[PDB]
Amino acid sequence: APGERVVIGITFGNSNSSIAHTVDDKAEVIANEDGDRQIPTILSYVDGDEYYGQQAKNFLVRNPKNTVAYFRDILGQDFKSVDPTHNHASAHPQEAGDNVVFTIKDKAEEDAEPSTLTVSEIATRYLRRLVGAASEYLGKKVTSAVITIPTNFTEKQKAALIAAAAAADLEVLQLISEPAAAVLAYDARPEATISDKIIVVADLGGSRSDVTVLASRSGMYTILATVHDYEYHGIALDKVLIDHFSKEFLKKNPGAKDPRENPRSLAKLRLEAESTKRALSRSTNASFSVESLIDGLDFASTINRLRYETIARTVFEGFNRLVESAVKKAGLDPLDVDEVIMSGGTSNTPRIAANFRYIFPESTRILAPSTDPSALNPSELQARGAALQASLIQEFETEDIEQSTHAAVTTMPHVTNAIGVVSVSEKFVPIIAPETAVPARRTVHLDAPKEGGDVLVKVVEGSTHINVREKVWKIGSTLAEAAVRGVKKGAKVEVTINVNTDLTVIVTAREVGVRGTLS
């Protein structure tokens, strides 16, 4: 029921998940029983006990065949589309009928048959734990939620996620894209200022990386382009550390076996490599040790951030090419970008933020902890945006939310070129930015001539052009010509442009009046 919902925001990723709500119109991410706000998307069974999050992640070494992980993208997919690469070190996804299933021992008896569970059943059991942790912290039973999803989630996947949540007694109010949630996490803050920006969201995750280019006008977001990558990500960063310390192990212990060839040894290396990686985001030096790595041999070593950034340079340049690809895919140039929001756990790496600063001009704001004082934790953005969206629609009826998402509401004409006025001195001033969804209205204050008097307001079209690099405006077709009589010396002339759904342009130029309409 709309009046009695207990809503939260949920981020549901392949590697980690997070839950959030709003207190006094501010999003706050909830920690679960383990104290984790980034809760591993892992399920594991030992002696009939169900474990999730970090406790389940710890069983990846001792209990791999009864642990299920990296299953978020498997939901709602045919088996022929499943990539089992990241599941190889745990329960394998297999084909049973027209469903993807995992075979695990979730019963208590030692001579009990292992259960065969669909991926939808695994998701349901995991979502019960996530919601269960949110309900325990809130003191109330969580009933509804907004969940973020990638922009290439198929409709079949959307249904499976909603059906899985329903089986967990959780009502899904709305599914929103992961990039739009990251933008909302910033825009919905009290100190935020709404203004026209071209925004690049760099979501650097564990098993995937997604970069999205959005046009943000009038507090509303339109996705211009998106790129996906499954090669450059945090797991690839774990690998450069795994390879680095294993070669040190083999040099320190000649004749010993390679720990990457033993599945138990490799599992220990993954947990420690990720832990060393995160420490290099908080400090310039991090330790790496595994008690009894292989053949009873211990190993302990160190690495500084400088050495890490050198051996991981190939992965870092993969992140750069991803961002350049998305900007190019939108027909834009780095000079066209206003904000770069860095999202996902891997976006905590200080060097990646410094690299993006070199890609974009200094006028571009890099929203990362090490490059901006007002930045948020990159791992909390998606959960914060989902909680902010959930609090906005928690009183809506289910019918109202569905209609608000139909094509008749979301689709509307976007003005291709800019609409502005010509400035002359003895230059094009943009008023309506390019790719502005209509209806829209903007207003600028310009300087009057040296003494003023009669002044010409010439409304024209505008386009951006890059000159070798520098971004300039190019004046195109002329739209209207208006006049303001007897303007004061040193006064400012206010020029307003209004575009309707009809594409009609209404022009106003009153100094603090003349009005005109272009059908």
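All residue numbers are counted from 1 along the displayed sequence.
Student: How much of the deposited sequence is absent from the coordinates between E426 and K427: none, 1 to 3, 4 to 9, or 10 or more residues?
Tutor: Missing in between: 4 to 9 residues.
Student: If I compare the deposited sequence with the modelled residues, how many are absent between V468 and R469: none, 1 to 3, 4 to 9, or 10 or more?
Tutor: The entry has 10 or more unmodelled residues between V468 and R469.
Student: For the stretches 41 to 49 and 447 to 455, which has the higher mean C-alpha B-factor as given in the deposited record?
Tutor: 447 to 455 has the higher mean C-alpha B-factor.
Student: Taking the mean of the C-alpha B-factors per stretch from the entry, tell me the winner out of 388 to 396 and 402 to 410.
Tutor: It is 402 to 410.
Student: Go through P254, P263, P350, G234 one by one and give the residue whose Cα B-factor in the PDB entry is largest.
Tutor: Checking the PDB record, the top C-alpha B-factor among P254, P263, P350, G234 is at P254.
Student: Say you rank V493, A56, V61, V29 by Cα B-factor from the PDB entry; which sits at the top?
Tutor: Each of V493, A56, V61, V29 was compared by C-alpha B-factor; the highest is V493.
Student: Give the position of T67 by CA B-factor within its chain, expressed as the lowest, middle or highest third.
Tutor: Answer is lowest: the recorded C-alpha B-factor places it there.
Student: Determine, from the deposited record, the chain-internal third of the Cα B-factor for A188: lowest, middle or highest.
Tutor: CA B-factor rank for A188: highest third.
Student: Taking the chain's C-alpha temperature factors as the reference, tell me which third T103 falls into: lowest, middle or highest.
Tutor: Lowest third of the chain for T103's C-alpha B-factor.
Student: Where does the C-alpha B-factor of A180 rank in its chain, lowest, middle or highest third?
Tutor: It falls in the bottom third of the chain.
Student: Tell me, lowest, middle or highest third: where does the Cα B factor of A1 rank within its chain?
Tutor: Tercile = highest for this residue's CA B-factor.
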